[PDB]
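K.L.:
Before I ask anything, let me first share the structure, which is written out below as structure tokens.
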Amino acid sequence: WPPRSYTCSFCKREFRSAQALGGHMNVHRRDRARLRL
Ligand SMILES: [Cd+2]
């Protein structure tokens, strides 16, 4: 978890937001889409 960027844990993806991550983590629910992993 860097200063100018944060992780969702579930997508282990670094983002440049705060509230967008909180919301983006709550949007998590299965894959149900493409993407190899
Ligand atoms: Cd996420």
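As shown in the structure tokens, the chain order sets the letters A, B, ...; within each chain, residues go from 1, and ligands are also counted from 1 in the order they appear.
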Can you tell me which residues come within 7 Å of ligand 1 when counting only C-alpha atoms and all ligand atoms, ideally as JSON, numbers by chain?

P.N.:
{"A": [8, 9, 10, 11, 12, 13, 21, 24, 25, 28]}

K.L.:
Can I get the selection written as an mmCIF file, in the first residue's frame, with N, CA and C atoms?

P.N.:
```
data_model
loop_
_atom_site.group_PDB
_atom_site.id
_atom_site.type_symbol
_atom_site.label_atom_id
_atom_site.label_comp_id
_atom_site.auth_asym_id
_atom_site.auth_seq_id
_atom_site.Cartn_x
_atom_site.Cartn_y
_atom_site.Cartn_z
ATOM 1 N N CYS A 8 -6.602 -2.978 -3.753
ATOM 2 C CA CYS A 8 -7.962 -3.328 -3.380
ATOM 3 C C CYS A 8 -7.924 -4.660 -2.625
ATOM 4 N N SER A 9 -6.764 -5.335 -2.629
ATOM 5 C CA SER A 9 -6.468 -6.705 -2.142
ATOM 6 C C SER A 9 -7.027 -7.790 -3.075
ATOM 7 N N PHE A 10 -8.327 -7.691 -3.320
ATOM 8 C CA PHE A 10 -9.079 -8.570 -4.235
ATOM 9 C C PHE A 10 -8.623 -8.518 -5.705
ATOM 10 N N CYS A 11 -8.174 -7.351 -6.190
ATOM 11 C CA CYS A 11 -7.615 -7.285 -7.531
ATOM 12 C C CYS A 11 -6.125 -6.968 -7.413
ATOM 13 N N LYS A 12 -5.543 -6.977 -6.210
ATOM 14 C CA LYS A 12 -4.161 -6.505 -5.938
ATOM 15 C C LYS A 12 -3.599 -5.370 -6.844
ATOM 16 N N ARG A 13 -4.522 -4.578 -7.387
ATOM 17 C CA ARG A 13 -4.234 -3.521 -8.367
ATOM 18 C C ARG A 13 -4.086 -2.185 -7.627
ATOM 19 N N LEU A 21 -11.513 3.290 -4.486
ATOM 20 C CA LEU A 21 -11.120 1.934 -4.032
ATOM 21 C C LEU A 21 -12.105 1.296 -3.049
ATOM 22 N N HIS A 24 -14.856 0.428 -5.069
ATOM 23 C CA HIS A 24 -14.454 -0.517 -6.098
ATOM 24 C C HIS A 24 -14.322 -1.915 -5.489
ATOM 25 N N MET A 25 -13.872 -1.971 -4.233
ATOM 26 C CA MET A 25 -13.808 -3.197 -3.414
ATOM 27 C C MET A 25 -15.206 -3.763 -3.116
ATOM 28 N N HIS A 28 -16.802 -5.718 -5.954
ATOM 29 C CA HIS A 28 -16.271 -7.057 -6.143
ATOM 30 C C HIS A 28 -17.385 -8.085 -5.930
#
```

K.L.:
CA of residue 15 (chain A) and CA of residue 27 (chain A) are how many Å apart?

P.N.:
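About the pair CA of residue 15 (chain A) and CA of residue 27 (chain A): they are 14.9 Å apart.
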
K.L.:
Quick check for you: according to DSSP on this backbone, which residues of chain A are classed as alpha helix (DSSP H)? Reply as a PDB file with N, CA and C atoms, in the first residue's frame.

P.N.:
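After the write, out14.pdb holds the following:
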```
ATOM      1  N   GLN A  19     -11.637   6.868  -2.079  1.00  0.00           N
ATOM      2  CA  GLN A  19     -13.079   6.551  -2.113  1.00  0.00           C
ATOM      3  C   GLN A  19     -13.470   5.637  -3.290  1.00  0.00           C
ATOM      4  N   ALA A  20     -12.826   5.856  -4.442  1.00  0.00           N
ATOM      5  CA  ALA A  20     -12.962   4.957  -5.604  1.00  0.00           C
ATOM      6  C   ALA A  20     -12.567   3.506  -5.278  1.00  0.00           C
ATOM      7  N   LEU A  21     -11.513   3.290  -4.486  1.00  0.00           N
ATOM      8  CA  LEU A  21     -11.120   1.934  -4.032  1.00  0.00           C
ATOM      9  C   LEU A  21     -12.105   1.296  -3.049  1.00  0.00           C
ATOM     10  N   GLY A  22     -12.535   2.070  -2.041  1.00  0.00           N
ATOM     11  CA  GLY A  22     -13.564   1.622  -1.071  1.00  0.00           C
ATOM     12  C   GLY A  22     -14.820   1.101  -1.791  1.00  0.00           C
ATOM     13  N   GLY A  23     -15.313   1.951  -2.702  1.00  0.00           N
ATOM     14  CA  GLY A  23     -16.427   1.603  -3.607  1.00  0.00           C
ATOM     15  C   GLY A  23     -16.091   0.444  -4.561  1.00  0.00           C
ATOM     16  N   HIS A  24     -14.856   0.428  -5.069  1.00  0.00           N
ATOM     17  CA  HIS A  24     -14.454  -0.517  -6.098  1.00  0.00           C
ATOM     18  C   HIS A  24     -14.322  -1.915  -5.489  1.00  0.00           C
ATOM     19  N   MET A  25     -13.872  -1.971  -4.233  1.00  0.00           N
ATOM     20  CA  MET A  25     -13.808  -3.197  -3.414  1.00  0.00           C
ATOM     21  C   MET A  25     -15.206  -3.763  -3.116  1.00  0.00           C
ATOM     22  N   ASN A  26     -16.150  -2.874  -2.818  1.00  0.00           N
ATOM     23  CA  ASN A  26     -17.565  -3.251  -2.617  1.00  0.00           C
ATOM     24  C   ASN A  26     -18.246  -3.778  -3.899  1.00  0.00           C
TER      25      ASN A  26
END
```

K.L.:
At what distance in Å, to one decimal, does CA of residue 33 (chain A) lie from CA of residue 17 (chain A)?

P.N.:
24.2 Å
